[PDB]
Protein chains: 2
Amino acid sequence: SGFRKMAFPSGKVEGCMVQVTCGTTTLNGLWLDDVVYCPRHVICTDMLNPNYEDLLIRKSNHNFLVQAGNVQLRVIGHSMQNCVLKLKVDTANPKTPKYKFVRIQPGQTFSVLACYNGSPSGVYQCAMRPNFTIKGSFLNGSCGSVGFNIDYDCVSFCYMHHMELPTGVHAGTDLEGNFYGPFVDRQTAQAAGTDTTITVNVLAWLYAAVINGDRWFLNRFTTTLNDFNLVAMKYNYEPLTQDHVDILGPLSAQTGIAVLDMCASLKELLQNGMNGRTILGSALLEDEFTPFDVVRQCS
Amino acid sequence: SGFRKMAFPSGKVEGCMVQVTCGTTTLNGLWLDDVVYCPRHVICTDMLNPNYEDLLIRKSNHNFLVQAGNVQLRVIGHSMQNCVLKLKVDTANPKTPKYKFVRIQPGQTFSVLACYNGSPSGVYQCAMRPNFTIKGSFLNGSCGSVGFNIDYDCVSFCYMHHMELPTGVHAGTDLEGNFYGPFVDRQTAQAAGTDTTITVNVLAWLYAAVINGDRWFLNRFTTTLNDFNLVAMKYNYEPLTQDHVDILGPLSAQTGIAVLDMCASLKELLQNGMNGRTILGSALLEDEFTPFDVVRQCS
Ligand SMILES: *[C@@](O)(C(=O)NCc1nccs1)[C@@H](Cc1ccccc1)NC(=O)c1ccccc1
Ligand SMILES: *[C@@](O)(C(=O)NCc1nccs1)[C@@H](Cc1ccccc1)NC(=O)c1ccccc1
């Protein structure tokens, strides 16, 4: 019993993290087979509007210093793909897990291994927000840290941390180097849009709470998809789709509570609040558990 | 920026987790040097009131099956220490980290690596509650999972999971096999006492929030230690000591807010609530960050 915000075991990623230095910029890199992936602004000193192409021109393989713990790696190639650099090294990482690079959708969750100078500091669970930011915990030197999911022995890398916005939220790329959302790797006038709540996730957490003993919010009412979406638009919740209803099926089946009945419970929680009660230890509705996360944790 | 509930990187522990089977009971074990540590109720089928001594009598080394991934380990010795078994195996774990066994105090936090059948499933941060339980997330088969802290390369094991109480909270031992609190490894009429809030931790989280931009709760008032403790007793918060004031010094120094001024802010939050605002993304006061956790994360 219990429901907690849980990350995947981080070991398979820890073995991949290295330190990359270029001139005087040190950040974190990700070493998989014979390539080290890092943010491209490792070649920068500038940040107002860098011509990354022209900055990479003054650089050769020997200008990139890659250190894996204490093992110094020999760089034999370098290229820019979008906003990442790929440093070919002469040795395969013996520690490379089975892995895939994946571009996730807003609403999906992942674990983050925060790193500084190539060394892991902590692990936590995050979500890609609807506005394509993540609410992380990152400090200077954290760029190059990565987000991932682990299915069986396979690591699905989905995020590389690049930057912190003036709002205190975080922006970054997939492992192909394309940013999530509209952000650019410059210090410019960029700011997060409207962050909306992830309705399908809230419902799944409501299901997690029933499985674990919290049921005061269960009402004697039901609703319709269109009726609920009117309420969600008012409260800046994302619209709920029949695809979302279908994904919640297994949770509906386990608990015997129909998705539309849970929607009417959420409806009442949105118009009435919690009246000083808590659900799974929180006085706010939680939207960073996917339906898959509830099933995995509760089974 | 950002403040999140963060666990230590779990890799050093993942390499220590094994599967222990005795008869038909399988649970998790912890393999360090040439000893595997597991809960002693691996030798049980009973649970009402087991005579553990007499159950261990019918067992020999070959009755304990230890599997580390797919490597089968050969047991050459066994003993009972308090509520754990120590299985001597013929090979040292090549993956053994530098480690220490530590009995932590209520109020202290640690990371938990939840395991099933010797395989890690997730990592999360927990605290030893004042009533010597932990509010974990554990399912059948999770016994033998461990809690730990990591300072530099040294793993400080502090918890082994044994049991879930009828209340849905969790109880377990240090790695010497002594339970935290009064619990016994039996299915009997045992229940958690009064859980109180960890005042020194709440204050440290209040400091974390100021560091990160949340300051609406900062008041134009101060208070005294005795005055505050009257308020804390009413709201079932632990008494605050001069030792606690001293531990918060570095956070006081960074932010320039005196501990007793923060106490007056907490005072007002306790008598008035949050009036529908949030602090660091929560509408409840958080007590599972130690002062050390705030500094480590915010630096
Ligand atoms: C990285 O870009 C980085 O850490 N990005 C993510 C952040 N999260 C919170 C704050 S920053 C590094 C690259 C770098 C630059 C210069 C020296 C060493 C590393 N950027 C910074 O660390 C940085 C951030 C803000 C102002 C100056 C420097
Ligand atoms: C462990 O004692 C165990 O998992 N303890 C911690 C728990 N947290 C939440 C639920 S239980 C195992 C040992 C065992 C016994 C029998 C077969 C395999 C393993 N106990 C249970 O898994 C168990 C719990 C509750 C009822 C029956 C069995």
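Note on naming: letters A, B, ... go to the chains in the order of the sequence lines (proteins, then strands), and numbering restarts at 1 for each one.
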Shortest non-hydrogen pair, B:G281 vs A:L284, comes out as O-CD2, 3.8 Å
How far apart are the closest heavy atoms of B:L139 and A:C298, and which atoms are they?
-> CD1-C, 3.8 Å
Among the listed options B:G168, B:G273, B:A7, B:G11, the residue most often paired with chain A at heavy-atom distances under 4.5 Å | B:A7
I'd like a table of all donor-acceptor pairs linking chain B to chain A (distance under 3.5 Å, no angle check), giving the atom names and the distance to one decimal.
{"residue": "B:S1", "atom": "N", "partner": "A:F138", "partner atom": "O", "Å": "2.4"}
{"residue": "B:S1", "atom": "N", "partner": "A:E164", "partner atom": "OE1", "Å": "2.6"}
{"residue": "B:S1", "atom": "O", "partner": "A:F138", "partner atom": "N", "Å": "3.1"}
{"residue": "B:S1", "atom": "O", "partner": "A:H170", "partner atom": "NE2", "Å": "3.3"}
{"residue": "B:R4", "atom": "NE", "partner": "A:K135", "partner atom": "O", "Å": "3.0"}
{"residue": "B:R4", "atom": "NH1", "partner": "A:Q125", "partner atom": "O", "Å": "3.3"}
{"residue": "B:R4", "atom": "NH2", "partner": "A:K135", "partner atom": "O", "Å": "2.9"}
{"residue": "B:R4", "atom": "NH2", "partner": "A:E288", "partner atom": "OE1", "Å": "2.9"}
{"residue": "B:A7", "atom": "N", "partner": "A:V123", "partner atom": "O", "Å": "2.9"}
{"residue": "B:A7", "atom": "O", "partner": "A:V123", "partner atom": "N", "Å": "2.8"}
{"residue": "B:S10", "atom": "N", "partner": "A:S10", "partner atom": "OG", "Å": "3.0"}
{"residue": "B:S10", "atom": "N", "partner": "A:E14", "partner atom": "OE2", "Å": "3.2"}
{"residue": "B:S10", "atom": "OG", "partner": "A:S10", "partner atom": "N", "Å": "3.0"}
{"residue": "B:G11", "atom": "N", "partner": "A:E14", "partner atom": "OE2", "Å": "2.8"}
{"residue": "B:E14", "atom": "OE2", "partner": "A:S10", "partner atom": "N", "Å": "3.2"}
{"residue": "B:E14", "atom": "OE2", "partner": "A:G11", "partner atom": "N", "Å": "2.8"}
{"residue": "B:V123", "atom": "N", "partner": "A:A7", "partner atom": "O", "Å": "2.8"}
{"residue": "B:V123", "atom": "O", "partner": "A:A7", "partner atom": "N", "Å": "2.9"}
{"residue": "B:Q125", "atom": "O", "partner": "A:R4", "partner atom": "NH1", "Å": "3.3"}
{"residue": "B:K135", "atom": "O", "partner": "A:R4", "partner atom": "NE", "Å": "3.0"}
{"residue": "B:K135", "atom": "O", "partner": "A:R4", "partner atom": "NH2", "Å": "2.9"}
{"residue": "B:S137", "atom": "OG", "partner": "A:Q297", "partner atom": "OE1", "Å": "2.9"}
{"residue": "B:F138", "atom": "N", "partner": "A:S1", "partner atom": "O", "Å": "3.1"}
{"residue": "B:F138", "atom": "O", "partner": "A:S1", "partner atom": "N", "Å": "2.4"}
{"residue": "B:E164", "atom": "OE1", "partner": "A:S1", "partner atom": "N", "Å": "2.6"}
{"residue": "B:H170", "atom": "NE2", "partner": "A:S1", "partner atom": "O", "Å": "3.3"}
{"residue": "B:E288", "atom": "OE1", "partner": "A:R4", "partner atom": "NH2", "Å": "2.9"}
{"residue": "B:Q297", "atom": "OE1", "partner": "A:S137", "partner atom": "OG", "Å": "2.9"}

Around A:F292, counting heavy atoms of other residues, nucleotides and ligands shown, do more than 12 lie under 6.0 Å from its CZ?
-> no
Find the one option among A:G15, A:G136, A:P9 whose heavy-atom pairs under 4.5 Å with chain B are most numerous.
-> A:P9
